[PDB]
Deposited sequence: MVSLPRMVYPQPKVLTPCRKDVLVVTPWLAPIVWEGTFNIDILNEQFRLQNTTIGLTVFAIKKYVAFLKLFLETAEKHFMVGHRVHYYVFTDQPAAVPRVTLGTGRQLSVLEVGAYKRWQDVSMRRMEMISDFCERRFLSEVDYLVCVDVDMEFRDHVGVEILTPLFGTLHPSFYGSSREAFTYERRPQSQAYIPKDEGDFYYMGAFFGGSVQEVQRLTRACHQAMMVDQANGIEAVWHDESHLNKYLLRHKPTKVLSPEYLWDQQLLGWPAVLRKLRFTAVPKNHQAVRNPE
């Protein structure tokens, strides 16, 4: 038993809550979490969360993991996949029931561009995800959960609105604009500017996306060019041509230090941790 939705009273009148291809844009006030939780529990949903913690970024794991335990898919099955060059540095964090963590040991790439960039290659490690989880959520590790992040996000394919660019026009989007690059998006094209720090979907859709972006980055390399924002450029080219089935609002990727807390954000759910 819950409040009756009323067709002639919108939830939110201040923000766009659906894209022009009829994908929900997920804001507080758009969903009843009780309904969604029941739907996902009935399927015994398992959500995998992938995080890279290479070199000094192992320092961010403790708060990342502690805060995920408090706010991320609570009540559902969760499998954390920690990709690191330092397995001994992964902190032991006590997990709730139905939750588990695996440490995947990987190589440390020399430059930060290639660390960020090789995530796509590294996520795509294929049949282990297909058997173990229903959805994959791929995030930066230099972050903390401050409020609910739940099954409202889950769908075949989702991206997240970049918090610096949601109120902006498309010509201002820092898409890749050199036609030499696989990430190239013309000045008159574009729906949104998605951030590379939080995307996901079904295992099948995430494997497609990561495979494509990896294949697209190798083509750029063989051609002597590096997309202007690296994986995020290719992520934006993919999601232009294969549109997400949900879009997360900036409630899901924010920085209060840089941007404050505007009234249009009723919750700040997943935020940046200060770094040098």
The deposited sequence goes unmodelled at 1 to 7, 132 to 133, 286 to 293
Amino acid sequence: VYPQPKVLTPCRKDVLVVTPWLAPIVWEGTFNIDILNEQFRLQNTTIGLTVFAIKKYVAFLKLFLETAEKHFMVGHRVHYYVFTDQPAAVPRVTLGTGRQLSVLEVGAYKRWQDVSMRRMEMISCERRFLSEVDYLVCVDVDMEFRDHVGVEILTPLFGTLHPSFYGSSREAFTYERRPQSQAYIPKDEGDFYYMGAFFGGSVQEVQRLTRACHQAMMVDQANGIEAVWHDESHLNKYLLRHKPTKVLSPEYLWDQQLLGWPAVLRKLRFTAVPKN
From here on, numbers count along this sequence of modelled residues.
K110: absent from a third or more of the other PDB entries compared? yes
Between 143 to 151 and 112 to 120, name whichever shows the higher mean Cα B factor according to the PDB entry. 112 to 120
Should the higher mean CA B-factor in the entry be assigned to 235 to 243 or to 209 to 217? 209 to 217
Which of these has the highest Cα B-factor in the record: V51, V26, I225, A59? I225
Among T97, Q180, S202, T160, highest Cα B-factor in the entry goes to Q180
B-factor third for the C-alpha atom of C11 within its chain: highest
By its CA B factor, does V103 count among the lowest, middle or highest third of the modelled residues in the chain? middle
Assigned third (lowest, middle, highest) for the C-alpha B factor of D191: middle
Using only modelled residues of the chain, where does the Cα B factor of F83 rank: lowest third, middle third or highest third? middle
Determine, from the deposited record, the chain-internal third of the Cα B-factor for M73: lowest, middle or highest. lowest
